[PDB]
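Undergrad: So the protein sequences, as listed, match chains A and B.
Residues in the first sequence are numbered from 366 upward in steps of one, following full-length UniProt numbering.
The second sequence runs 19 to 133, 141 to 613 under full-length UniProt numbering.
Just so you know, even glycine gets a beta-carbon here, dropped at the ideal spot from N, CA and C.
Got a structure here, written out as C-alpha cells. Questions coming.
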Amino acid sequence: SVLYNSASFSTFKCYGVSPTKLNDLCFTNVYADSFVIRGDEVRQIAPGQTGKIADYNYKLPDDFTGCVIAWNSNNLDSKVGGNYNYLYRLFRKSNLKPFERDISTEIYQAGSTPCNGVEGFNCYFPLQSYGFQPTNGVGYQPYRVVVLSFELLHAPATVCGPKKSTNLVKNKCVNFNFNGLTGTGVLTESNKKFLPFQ
Amino acid sequence: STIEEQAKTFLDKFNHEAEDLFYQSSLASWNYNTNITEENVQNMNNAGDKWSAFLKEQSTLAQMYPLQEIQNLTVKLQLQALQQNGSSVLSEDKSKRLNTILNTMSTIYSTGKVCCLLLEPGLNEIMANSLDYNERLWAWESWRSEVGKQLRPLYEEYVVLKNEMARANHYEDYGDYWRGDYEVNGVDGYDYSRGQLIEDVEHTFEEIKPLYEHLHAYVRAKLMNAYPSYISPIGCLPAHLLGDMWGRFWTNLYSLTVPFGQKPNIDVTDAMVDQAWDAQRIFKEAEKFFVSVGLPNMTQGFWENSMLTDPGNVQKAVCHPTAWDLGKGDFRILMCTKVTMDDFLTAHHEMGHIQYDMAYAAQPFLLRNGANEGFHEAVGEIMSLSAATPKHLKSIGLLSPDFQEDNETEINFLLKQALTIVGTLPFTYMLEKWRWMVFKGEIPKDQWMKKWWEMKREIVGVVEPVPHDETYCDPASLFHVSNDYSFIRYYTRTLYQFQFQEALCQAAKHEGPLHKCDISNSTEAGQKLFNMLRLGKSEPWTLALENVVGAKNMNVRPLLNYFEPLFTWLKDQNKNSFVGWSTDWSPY
Numbered sequence: 366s367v368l369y370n371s372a373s374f375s376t377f378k379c380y381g382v383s384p385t386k387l388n389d390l391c392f393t394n395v396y397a398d399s400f401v402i403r404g405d406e407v408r409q410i411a412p413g414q415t416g417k418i419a420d421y422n423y424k425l426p427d428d429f430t431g432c433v434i435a436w437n438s439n440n441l442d443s444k445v446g447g448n449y450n451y452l453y454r455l456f457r458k459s460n461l462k463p464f465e466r467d468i469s470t471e472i473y474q475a476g477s478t479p480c481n482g483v484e485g486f487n488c489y490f491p492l493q494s495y496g497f498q499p500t501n502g503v504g505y506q507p508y509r510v511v512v513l514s515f516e517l518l519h520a521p522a523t524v525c526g527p528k529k530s531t532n533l534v535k536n537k538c539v540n541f542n543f544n545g546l547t548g549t550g551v552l553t554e555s556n557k558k559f560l561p562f563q
Numbered sequence: 019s020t021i022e023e024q025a026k027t028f029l030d031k032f033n034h035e036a037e038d039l040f041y042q043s044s045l046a047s048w049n050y051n052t053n054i055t056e057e058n059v060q061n062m063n064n065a066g067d068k069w070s071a072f073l074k075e076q077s078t079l080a081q082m083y084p085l086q087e088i089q090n091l092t093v094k095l096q097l098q099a100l101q102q103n104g105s106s107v108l109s110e111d112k113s114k115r116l117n118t119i120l121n122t123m124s125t126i127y128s129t130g131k132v133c141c142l143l144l145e146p147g148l149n150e151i152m153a154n155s156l157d158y159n160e161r162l163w164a165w166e167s168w169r170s171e172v173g174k175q176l177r178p179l180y181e182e183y184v185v186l187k188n189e190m191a192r193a194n195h196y197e198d199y200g201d202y203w204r205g206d207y208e209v210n211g212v213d214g215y216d217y218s219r220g221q222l223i224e225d226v227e228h229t230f231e232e233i234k235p236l237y238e239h240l241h242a243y244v245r246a247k248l249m250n251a252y253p254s255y256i257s258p259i260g261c262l263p264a265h266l267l268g269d270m271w272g273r274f275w276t277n278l279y280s281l282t283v284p285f286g287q288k289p290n291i292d293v294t295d296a297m298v299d300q301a302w303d304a305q306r307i308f309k310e311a312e313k314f315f316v317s318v319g320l321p322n323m324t325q326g327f328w329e330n331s332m333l334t335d336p337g338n339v340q341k342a343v344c345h346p347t348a349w350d351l352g353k354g355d356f357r358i359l360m361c362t363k364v365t366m367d368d369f370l371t372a373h374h375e376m377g378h379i380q381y382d383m384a385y386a387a388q389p390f391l392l393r394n395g396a397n398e399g400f401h402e403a404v405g406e407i408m409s410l411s412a413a414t415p416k417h418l419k420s421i422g423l424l425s426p427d428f429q430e431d432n433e434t435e436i437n438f439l440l441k442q443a444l445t446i447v448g449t450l451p452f453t454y455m456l457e458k459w460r461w462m463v464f465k466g467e468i469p470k471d472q473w474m475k476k477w478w479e480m481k482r483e484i485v486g487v488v489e490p491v492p493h494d495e496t497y498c499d500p501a502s503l504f505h506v507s508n509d510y511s512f513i514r515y516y517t518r519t520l521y522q523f524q525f526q527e528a529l530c531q532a533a534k535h536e537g538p539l540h541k542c543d544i545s546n547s548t549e550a551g552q553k554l555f556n557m558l559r560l561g562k563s564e565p566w567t568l569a570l571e572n573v574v575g576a577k578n579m580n581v582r583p584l585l586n587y588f589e590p591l592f593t594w595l596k597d598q599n600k601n602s603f604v605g606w607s608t609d610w611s612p613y
C-alpha cells in the first residue's frame, strides 16, 4: 500500500497481475533482483522484449506476472569524468536462461580460433564500461531497476498482506467477523474466560 | 564463420570506446572557451593524443576485413572513413614535409600585417568603408605583393604532395578526393558516380547566369557616380572595388546602393528593449518555433550545461559561433547572447545545426555526422531564412502589427540577400573549378596566373587593376586554403537552401514566390523534414533528397523563384547600362 502512492519512483509498472490486487494476495516466494543500467535500455526490460541485456545478462520470462520498480539515481552513484564501477557483457557464445546469474567469465570467440583468455585478434573484450555522468542526456543516466518476481508453489504461503481493521461496536444486532467465525448477534459482556491458545 | 557477422562485432567494440575518448577531448575544449587558462590547453592535447593513437590501431586491423563482404548496406558506409590513413599515407620522409607547409601557410596568413594593422576585422573595414580610389587600392596591392610572394614556393609544393597522397587511397587527384563524399557507395540503383559531379553543376550554373547579369549591371551603374573615370557602364569592375579583399562578402556594398530610400527596412532591436528580454532569453522564443513545425522538443541538459549568457570583458571567453557536439546526449552551444538584431538570426542559424545532432542520438558514434560536407550547413540555412521573413516576424511577439509593408519593402530585402547568398555563388563556382584543373594536371606549372584572370572575366567578371606577373599568387591567401578546408561545400549549401524551403512552403498551403512564406501551424511540413534527419549516413544523400524535394539531382529553379520580384524590377531598370560585363577592358 505504501509502495504505490510513495510518489518517489520514476517508473513503477506491473505486468500480468493488477498493482492494486497484490496488496492482500498471498505469495509463496518473493524474489528481488536489483541491477543498475542506462536510461535508454530501460525499455528493453519488459516481458516480451529482447536486446543485448535480456539475452546475455538478466533474462526474464515472457509470462512474467509481477512489477517493475525503477527510480532515478543521478545524484547518487554517478560522477563526472567517466563511470568505471559497473560492467556488462556485450556478446556471449551461448544464450542464458530466465532466472539465472552469469557465473562463467570467458572471452567471446567470434572466429574459429581459440582465445585462451588473452585478448587478441577475433577475441574482443565483452566486459565494457558505462557512462553515468550528470552532464549527459536522459538515456545515459543510471536507473536502479528492481524486479520483484512472484512465484507460487504447493507449499503454504506465509507472505500475504495486512488486513484493514475497523472499530468495535456493541449493543446492536449487527454482523461481525472475529477470525474465521462470522456470526450475527448482540455482543454482550461475559464473566467466563477461555484458554490462552483457543 | 561469417565475415559480415564479425564486422558488426568490431563496430560495437569501437563505438563503446570512441564515445568516451571523444567526450574527454570535447569537454576539455569547453572549459578553455569559458575561461581562457593555461591548464585546459594541456587537457585537450592529452585527450586528443589518445584519440589519434587509438584510431590508427583500429584502422590497421580493419584492413583485413574485406569491403565487398557487406550485405546490410550500412557497414560499408562506416568502414570507408575508418580504414583511411590520413596525411600519413606516404613515406616517413615526406610525412613531415606535408604537415610543415600547413603550418607555414597558416602563420603568414595570421600574421599578415600591412604597415600596424591586424587581419580581421583589420583589412575588412578598410576595403569596405572608404569611398576612394587612392586608399583602398594600396591596401589590396600590398597584400598581393607581400603575402602572395612568401606563399608562392609553398603553394607549388602543395599540389605535388596532395596529388600523390590522394592517389595512395585509390583516387585521381586532390579535387577527386573531395568527390568521394558525394559519391554513393551503399544502396544500389540510386548511385552517383564521381564523373556526374563534373556535369550538372556546369548546366545549372548557365540558367542562373541571366540573374547575375542583371545584378552585376545594377551595381556597376550605381557606383559609376563615385568613380566616373574608373567605372565604365560598358566596361567591367576591378578586383579592389568589390567591398572585400578576396571578393567574397559583398554585403558592405549595400550601403552605397539603395534602390528605395523612402522605405525603411525592418529592425527588431527596439522591439526587444520594449518587452525587456533578460539577455538570457532569445532561446526560449527559439524553442517554440521548432515545436509549431513539428520537430521534437530539445533536450534537458541543454538548459543546464550550455552557457547562454554573456560574461563581458571581465571574463576571458571566446564565444565564437560554432556548434559543438560532445556526444552521449550532451548538446552545448557557445555563443554570447546580446540584445541586438544580428544575434536574433544567428541564434536561429546555430539552433538548426544542433537539431541535426539530436536526430541520430540513438545511432552509434560512426553515424553522428551529416551525409556530406555540403549538407550539414544547409540544415541551418533554411531555419534562418524562414525566420528572416518580415511577415513571419510580425505575427509574433517582437515588431508592430502597425508597421506597414508592401511591394517596395520586399525589394530592399531581396537585394540585401542577393549580395550574400547568391553574391558569392559565381565566386565559388570559379574558385573550386580552377583548382580542379591544377590538382589533376590540365594546367601547366607556369600557367597558374595566366588562366586565373581568364576565368574571372568569363564567370564572375573581375579584371585586374594591377598587371601582375607569374610569381604572384592569389588563391593561396585564404582562410579555407591555409586551413585545408574544402570550398565546394559552400556551393551546394546555396542550392539546397532554396530546395528545402520550397518543399516546406508548398505543403503548408502557400504558393507563389518564397519571400513571404511563413512556416507556422504546418504539421505536414514538419514531419517530412525529420525523415532524412533521423537516417543520417545510413542512407545515401540521393535517396534522402527525394523524400523532401522529389529528385536526386540538384535543381536551380527554386533559386530563381525566390528572386522573382527582384529579377523583374532589374529588367525595367537596367536599360541604360550594359547587361553583362566586357572582357577586353582594363581600368588602367
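Below 8 Å, how does it come out for the segment 395-410 of chain A and the segment 507-514 of chain A: are there three or more Cβ pairs, yes or no?
TA: In short, these stretches touch, since the Cβ pair count reaches three.
Undergrad: Which partner residues of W436(A) appear in the DSSP bridge assignment?
TA: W436(A) pairs with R509(A).
Undergrad: Taking the C-alpha atoms as reference points, what is the distance between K131(B) and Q388(B)?
TA: Spanning the two alpha carbons is a distance of roughly 47 Å.
Undergrad: Starting from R357(B), follow its DSSP beta bridges and name the residues at the other end.
TA: Answer is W349(B).
Undergrad: Give a yes or no on whether 9 Å exceeds the smallest Cβ distance from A475(A) to chain B.
TA: Yes, contact with chain B.
Undergrad: Rounded to whole angstroms, what is the Cα-Cα separation between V212(B) and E564(B)?
TA: If I take the Cα positions, the gap works out to 7 Å.
Undergrad: Quick one: list the residues of chain B neighbouring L455(A), beta-carbon separation under 7 Å, in chain order.
TA: Neighbours of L455(A) on chain B, chain order: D30.
Undergrad: So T376(A) contacts chain B; which residues on that side make the cut at Cβ distance below 7 Å?
TA: Near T376(A) there are no residues of chain B at all, since even the closest Cβ is about 17 Å away, more than 7 Å.
Undergrad: Give the residues from the segment 503-514 of chain A that approach chain B closer than 8 Å (Cβ to any Cβ), ordered along the chain.
TA: Correct list: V503, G504, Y505.
Undergrad: Starting from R454(A) and walking both ways along the beta strand (DSSP E), at which residues does that stretch end?
TA: That run of the beta strand (DSSP E) goes 452-454.
Undergrad: State the start and end residues of the unbroken alpha helix (DSSP H) segment that holds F390(B).
TA: It is not in any alpha helix (DSSP H) - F390(B) carries neither H nor E in the DSSP assignment.
Undergrad: From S254(B) to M152(B), what does the alpha carbon distance come to, in whole angstroms?
TA: Straight-line Cα distance between these residues: approximately 19 Å.
Undergrad: Kindly list the residues whose CB is nearer than 7 Å to the CB of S124(B), restricted to its own chain and excluding five residues on each side of it in sequence; keep chain order.
TA: The answer, listed in chain order, is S507, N508.
Undergrad: Which stretch, first to last residue, makes up the beta strand (DSSP E) that contains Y380(A)?
TA: Element bounds for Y380(A): 376-380.
Undergrad: Below 7 Å between beta carbons is the criterion; list the residues of the segment 84-96 of chain B that meet it against any residue of chain A, in chain order.
TA: Within the segment 84-96 of chain B, no residue has a Cβ that lies closer than 7 Å to any Cβ of chain A.
Undergrad: Given that a residue counts as buried once 16 or more other Cβ atoms are within 10 Å of its Cβ, and exposed if not, what is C530(B)?
TA: Counting Cβ neighbours within 10 Å, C530(B) comes out buried, since at least 16 surround it.
Undergrad: For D398(A), does the three-state DSSP call read helix, strand or coil?
TA: Here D398(A) sits in strand by DSSP.
Undergrad: Indicate whether at least one CB of chain A lies closer than 9 Å to the CB of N330(B).
TA: So yes, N330(B) belongs to the interface.
Undergrad: Count the C-beta pairs between the segment 226-233 of chain B and the segment 579-593 of chain B that are closer than 8 Å, then say yes if the count reaches three, no if not.
TA: Segments in contact, yes.
Undergrad: Helix, strand or coil, according to DSSP, for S545(B) in the structure here?
TA: Three-state result, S545(B): coil.
Undergrad: Against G447(A), what residues of chain B qualify as contacts under a CB-to-CB distance less than 7 Å, listed in chain order?
TA: Within chain B, the residues near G447(A) are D38.
Undergrad: Are any of the Cβ atoms in chain B nearer than 9 Å to that of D420(A)?
TA: No, its Cβ sits nowhere closer than 9 Å to a Cβ of chain B.
Undergrad: Any idea if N397(B) is buried or exposed, counting beta-carbon neighbours within 10 angstroms, 16 or more meaning buried?
TA: Buried, since its Cβ has 16 or more Cβ neighbours within 10 Å.
Undergrad: Looking at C391(A) and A522(A), is the spacing between their C-beta atoms short of 9 Å?
TA: Yes.
Undergrad: What separation, rounded to the nearest whole angstrom, lies between the Cα atoms of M82(B) and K68(B)?
TA: Distance between the alpha carbons of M82(B) and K68(B): 23 Å.
Undergrad: Establish whether the CB of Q414(A) and some CB of chain B are separated by less than 9 Å.
TA: Output row for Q414(A): interface = no.
Undergrad: So for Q552(B), helix, strand or coil by DSSP?
TA: In the structure shown, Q552(B) sits in a helix (DSSP, three-state: H, G or I).
Undergrad: Keeping to the same chain, check which residues put their C-beta closer than 8 Å to that of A403(B); ignore five residues upstream and five downstream.
TA: Closer than 8 Å at Cβ, skipping near neighbours: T517, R518, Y521, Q522, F525.
Undergrad: Along the segment 475-500 of chain A, where does the CB come closer than 8 Å to a CB of chain B? Name the residues.
TA: Residues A475, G476, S477, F486, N487, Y489, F490, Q493, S494, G496, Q498, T500.
Undergrad: Can you tell me where the alpha helix (DSSP H) with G337(B) in it begins and where it stops?
TA: Segment: none, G337(B) is in no alpha helix (DSSP H) and carries neither H nor E.
Undergrad: Report the partner residues of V551(A) according to the DSSP bridge assignment.
TA: Answer by DSSP bridge pairing: none, since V551(A) is not bridged.
Undergrad: Using a Cβ-Cβ cutoff of 7 Å, what residues of the segment 505-535 of chain B are near chain A? List them in chain order.
TA: Listed by position, the residues of the segment 505-535 of chain B near chain A (Cβ gap below 7 Å) amount to none.
Undergrad: Under 7 Å Cβ to Cβ from residue 589(A), same chain only, skipping five residues before and after it: list those, please.
TA: This structure gives no information on residue 589(A), because the portion of chain A shown stretches from 366 to 563.
Undergrad: For the segment 474-486 of chain A against the segment 494-504 of chain A, do three or more pairs of beta-carbon atoms, one drawn from each stretch, fall closer than 8 Å, so that the two count as touching?
TA: The segment 474-486 of chain A, when compared against the segment 494-504 of chain A, does not touch it at the 8 Å Cβ threshold.
Undergrad: So is residue 138(B) buried or exposed if we call it buried at 16+ other beta carbons inside 10 Å?
TA: Not modelled: residue 138(B), which lies between 133 and 141, the two residues flanking a gap in chain B.
Undergrad: Classify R115(B): buried if its beta carbon has 16 or more other beta carbons within 10 angstroms, exposed otherwise.
TA: Under this definition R115(B) is an exposed residue.
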